[PDB]
> 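Sharing a structure here in structure tokens format.
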Amino acid sequence: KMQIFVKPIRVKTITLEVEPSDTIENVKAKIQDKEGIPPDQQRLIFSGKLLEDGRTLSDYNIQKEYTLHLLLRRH
Amino acid sequence: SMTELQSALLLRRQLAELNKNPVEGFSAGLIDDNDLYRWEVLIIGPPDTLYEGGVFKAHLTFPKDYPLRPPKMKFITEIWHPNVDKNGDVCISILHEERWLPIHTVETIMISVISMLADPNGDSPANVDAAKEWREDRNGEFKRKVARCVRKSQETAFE
């Protein structure tokens with residue numbers, strides 16, 4: 001018996017065009033457009049926080065080229 | 001002054017690195033943007049462990065003379081683990097004072113904490129109760145307890 005690894009070959013990174021005034025809700029809506037994930041399946045994470053839908057990217061000091069973390073419900 | 005400047009420069013560069021190039025399995029950042037020494041982190045229960053899927057919030061507090069001295073870590077989310085005190089404090093060897101070195105970063109610490117969830121250290125555990133259940137009944141009560149912790153953590157994550 002031995003051990004091997006398996007990774008997806010598809011690029012998992014999502015690229016978005018946003019404004020600092022966009023809310024986390026709007027960002028989740030844009031993620032759905034590209035990947036087709038319903039908003040209530042996503043939670044966005046950044047700087048060690050669960051980003052709340054009602055706040056803006058500006059509220060979290062999210063600048064250009066930053067990367068957000070995507071949490072999904074497991075089925 | 002030099003010590004406060006060195007510690008801040010390192011934490012700053014680390015923060016900027018994680019904002020743009022995060023590492024899979026955790027997110028880390030500042031609780032308050034004006035304080036570089038009080039971090040908060042979200043840790044995902046790694047795959048193929050009893051913690052898999054859990055969303056674990058924790059705090060990571062650095063001294064002014066970092067990297068000479070380690071930070072202290074405390075889980076905010078409730079968790080059942082031998083190396084996690086009942087109060088949430090994380091007692092692992094990499095944070096004493098496999099040991100602490102002035103080259104370790106937030107990323108290096110999370111790698112050790114993630115491995116901890118897969119392989120606890122049996123020397124001087126912080127939760128003797130959890131340590132006993134993990135040695136004697138790993139897939140029974142211990143797995144049951146950890147499963148509850150995991151469920152509760154996912155509840156607050158999608159609130």
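All values below were derived from every heavy atom in this structure, side-chain atoms included, with hydrogens, water molecules and symmetry-related copies excluded. Reminder, nothing fancy here: chain letters follow the sequence lines and each chain counts from 1.
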> Kindly indicate whether the side chain of B:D65, heavy atoms from C-beta on, has any atom under 4.5 Å from the side chain of B:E4.
no
> Quick one: are the ring centres of A:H69 and B:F26 less than 6.0 Å apart?
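Centroid separation for A:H69 and B:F26: 6.0 Å or greater.
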> Before accepting this row, confirm whether a basic side-chain N of the pair B:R151/B:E155 lies closer than 4.0 Å to the acidic partner's carboxylate O.
no
> Less than 4.0 angstrom from a charged side-chain N to a carboxylate O is my criterion; do B:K143 and B:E52 meet it?
no
> Give a yes or no answer on whether the side chain of B:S153 reaches the backbone of B:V150 with a donor-acceptor pair at less than 3.5 Å.
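Confirmed, B:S153 side chain pairs with B:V150 backbone.
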> State, to 0.1 Å, how close A:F46 and B:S27 come at their nearest heavy-atom pair, and which atoms those are.
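Scanning both residues, the minimum pair turns out to be C-OG, 3.7 Å.
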> Quick check: does any side chain N or O of A:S47 sit under 3.5 Å from a backbone N or O of B:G29, one acting as donor and the other as acceptor?
no
> Going by heavy atoms in the side chains, are B:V146 and B:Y51 under 4.5 Å from each other?
yes
> Please evaluate residues B:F62 and B:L11 with respect to the criterion side chain to side chain contact (heavy atoms under 4.5 Å, CB included), reporting the C-alpha separation (whole Å), side-chain torsions for both, the decisive distance (0.1 Å), and the verdict.
CA-CA 9 Å; B:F62 295 84; B:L11 294 170; 3.9 Å; yes
> Under a 4.5 Å cut-off applied to non-hydrogen side-chain atoms, are B:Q154 and A:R74 in contact?
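The answer is yes, as the side chains (C-beta and beyond) meet within the 4.5 Å cut-off.
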> Could you tell me whether a side-chain N or O of B:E40 sits under 3.5 Å from a main-chain N or O of B:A28, the two making a donor and an acceptor?
no
> Evaluate the side-chain proximity of B:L95 to B:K72: yes if any heavy-atom separation is below 4.5 Å, no if none is.
no
> For a quick check under 3.5 Å, do B:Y66 and B:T3 share a side-chain donor-acceptor pair by atom type?
no
> Can you find a heavy atom in the side chain of B:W80 that is under 4.5 Å from one in the side chain of B:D129?
yes
> Is there a donor-acceptor pair under 3.5 Å between the side chain of A:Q42 and the backbone N or O of A:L70?
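Checking the backbone N and O of A:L70 against the side chain of A:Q42, no donor-acceptor pair under 3.5 Å is found.
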> Is a side-chain donor or acceptor of A:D22 paired with a backbone partner of A:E19 at a separation under 3.5 angstrom?
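Such a contact is found between A:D22 side chain and A:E19 backbone.
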> For a quick check under 3.5 Å, do A:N61 and A:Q63 share a side-chain donor-acceptor pair by atom type?
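Distance-only check passes for A:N61 and A:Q63.
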> Among A:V27, A:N26, A:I24, A:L44, which residue meets the side chain to side chain contact (heavy atoms under 4.5 Å, CB included) test with A:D53?
A:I24
> Do B:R69 and B:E97 meet the salt-bridge criterion of a basic N to acidic O distance under 4.0 Å?
no
> Can you check whether B:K64's main-chain N or O pairs, donor with acceptor, with B:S7's side chain at less than 3.5 Å?
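Pair found, side chain donor or acceptor close to backbone of B:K64.
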> Using a 4.5 Å cut-off on heavy atoms from C-beta on, say whether the side chain of B:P120 contacts that of B:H81.
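The answer is yes; the side chains approach within 4.5 Å.
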> Looking only at heavy atoms, what is the nearest atom pair of B:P22 and A:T67, with distance?
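Shortest heavy-atom separation between B:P22 and A:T67 comes out as CD-CB, 3.5 Å.
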> Ignoring hydrogens and geometry beyond distance, is a side-chain donor-acceptor pair present between B:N34 and B:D32 at under 3.5 Å?
no
> Regarding A:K28 and A:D40, does a basic nitrogen lie under 4.0 Å from an acidic carboxylate oxygen?
no
> Backbone N or O of B:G88 within a donor-acceptor pair of the B:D85 side chain at under 3.5 Å?
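No; judged by distance alone, with no hydrogens or angles, the pair does not exist.
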> Taking the side chain as everything from C-beta on, heavy atoms only, tell me whether B:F75 gets closer than 4.5 Å to B:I43.
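Yes; the side chains approach each other to less than 4.5 Å.
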> Going by side-chain heavy atoms closer than 4.5 Å, which hydrophobic residues are tied to B:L42, directly or by a chain of links?
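Other cluster members: A:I45, A:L50, A:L71, B:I44, B:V55, B:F158.
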> Say whether, by atom type as modelled, one donor and one acceptor occur between the side chain of A:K34 and the main chain of A:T15 under 3.5 angstrom.
yes
> Please check: side-chain N/O of B:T49 versus main-chain N/O of B:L117, any donor-acceptor pairing under 3.5 Å?
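Looks like no, no N/O pair under 3.5 Å.
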> A:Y60 ring centre to A:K49 NZ or CZ under 6.0 Å, with the angle to the axis within 45°?
no
> Under a 3.5 Å distance rule, please check whether B:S112 uses its side chain to pair with a backbone N or O of B:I109 as donor and acceptor.
no
> In the structure I gave you, are the side-chain heavy atoms of A:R43 and A:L51 within less than 4.5 Å of one another anywhere?
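A side-chain contact is absent here, since even the closest heavy-atom pair is not under 4.5 Å.
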